[PDB]
Structures are given as structure tokens and as C-alpha cells.
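Read the single chain below, which is given as C-alpha cells and is the form deposited in one PDB entry.
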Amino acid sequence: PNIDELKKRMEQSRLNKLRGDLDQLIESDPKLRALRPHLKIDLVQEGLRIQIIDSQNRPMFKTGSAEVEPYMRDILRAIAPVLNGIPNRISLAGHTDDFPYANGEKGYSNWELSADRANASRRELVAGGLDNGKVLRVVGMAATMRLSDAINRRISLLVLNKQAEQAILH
């Protein structure tokens, strides 16, 4: 056996049960089943990555704002207690491109907005039941320069495996 590669496969299977259950919440409830073209749940390496992405038609937040849309608020609250299902901690990232590139060297740009959207989703997860201490960090990532897709605007929820969280908290 081993004790380092066994807690290490009990986990891959833990995060896999999470992913399977998240899709069950989504598919079997119809309030989120129509929001599915905004949700991508895949396995990366820090753990489980839940992406909640904007569509040209429907953004999750109001233009240039950190106010969640009614349905975004529904996704955050629908998944919160399924996330409490396991002990792993979370990393919430906000990716924003609502403002022009140059507002960057200004007061409230995509930087403040991206952080604010991350904390806004946080407060929402928390309103849905998320246990205290689950969130590990909030990340704000403004969009980079392009010359001259709306995936560029999304909130990512990373359920961290033991490695990743150890690395983030060394």
C-alpha cells in the first residue's frame, strides 16, 4: 500500500463525487438546468473547478457592477450546501472585462470590479449555507490587453485538494 497515495486517491474520488453531485443538482432542478450554458465543472489539478460564465445574452452581474443577477444568485445558493458536503476549502476568482483597458490606470476599473464580484459571490455562497472557514482566498483578475468571446467574464470556484491548499497556505 502507502498512506500518501491512498489519501491521495480517496480524494480524487471525493472531488469526483462532488462533481457528480453538482451536475445532479443542476440537471434535476429546473431553476439551474436552464442556466447550464453558464456552468463548466471540470477537474484541474488544485481540485475541483466550477466556472460560472457569462453569455452575450445573459451576464451573471449587471453591467459594470458587482450586483449579481437573480439567476446568478440562484446558482451560488444552489451549490453552497453541496460544497459543504466535503471539507475541502475554496478559492473564488473573479475575471472581469466590462471596462475598457485604459480605465485600469484609474479609480474603479476591471480590477476593483473583479475583486468585488468575487466577494459578492462569496457573500452569496455564504447566504446559501456555506460553512464558515471554507473560503481560502478571493482573487481578482482583470482582462489583459487585446489588439485594437465573453468567457472573459466569469467567476471560478476552486475546491482545493490538500496539495493546492497547502501550497497556497505554505
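A residue's number is simply how far along the shown sequence it sits, counting from 1. C-alpha atoms forming the largest set that superposes within 1.5 Å between two forms make up the rigid core.
S.K.: Using the PDB record, quantify the missing residues of the deposited sequence between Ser148 and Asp149 as none, 1 to 3, 4 to 9, or 10 or more.
M.R.: Gap between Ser148 and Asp149: 4 to 9 unmodelled residues.
S.K.: Taking the recorded C-alpha temperature factors, which stretch has the higher mean, 117-125 or 137-145?
M.R.: Mean C-alpha B-factor is greater for 137-145.
S.K.: Regarding 150-158 and 5-13, which shows the higher C-alpha temperature factor on average in the entry?
M.R.: That would be 5-13.
S.K.: So if I compare the CA B-factors in the entry for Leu39, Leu43, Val68, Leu130, which one is the largest?
M.R.: Among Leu39, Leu43, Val68, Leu130, the PDB entry lists the largest C-alpha B-factor for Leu43.
S.K.: Is the Cα B-factor recorded for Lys62 in the lowest, middle or highest third of its chain?
M.R.: Its C-alpha B-factor belongs to the lowest third of this chain's values.
S.K.: Within this chain, which third does the Cα B-factor at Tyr108 fall in: lowest, middle or highest?
M.R.: CA B-factor rank for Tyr108: middle third.
S.K.: Please place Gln51 in the lowest, middle or highest third of its chain by C-alpha B factor as given in the entry.
M.R.: Tercile = lowest for this residue's CA B-factor.
Separately, the form deposited in another entry exists; it is not shown, and the next lines address it.
S.K.: For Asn119, state whether the C-alpha moves by 2 Å or more between the shown form and the other one after rigid core superposition.
M.R.: It does not reach a 2 Å shift.
S.K.: Any CA movement of 2 Å or more for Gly140 between the shown form and the other one, core superposed?
M.R.: For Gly140, whose C-alpha is compared between the shown form and the other one after core superposition, the shift is less than 2 Å.
S.K.: Establish whether a shift of 2 Å or more occurs at the C-alpha of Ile53 between the shown form and the other one, with the two forms superposed on the rigid core.
M.R.: For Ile53, whose C-alpha is compared between the shown form and the other one after core superposition, the shift is 2 Å or more.
S.K.: Closer or farther apart in the other form, the C-alpha atoms of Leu43 and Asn57, for a change of 3 Å or more?
M.R.: Relative to the displayed form, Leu43 and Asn57 draw closer in the other form - a change of at least 3 Å between their C-alphas.
S.K.: Closer or farther: how do the CA atoms of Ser55 and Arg117 lie in the other form, compared with the form shown, if the change is at least 3 Å?
M.R.: Residues separate in the other form, at least 3 Å farther apart.
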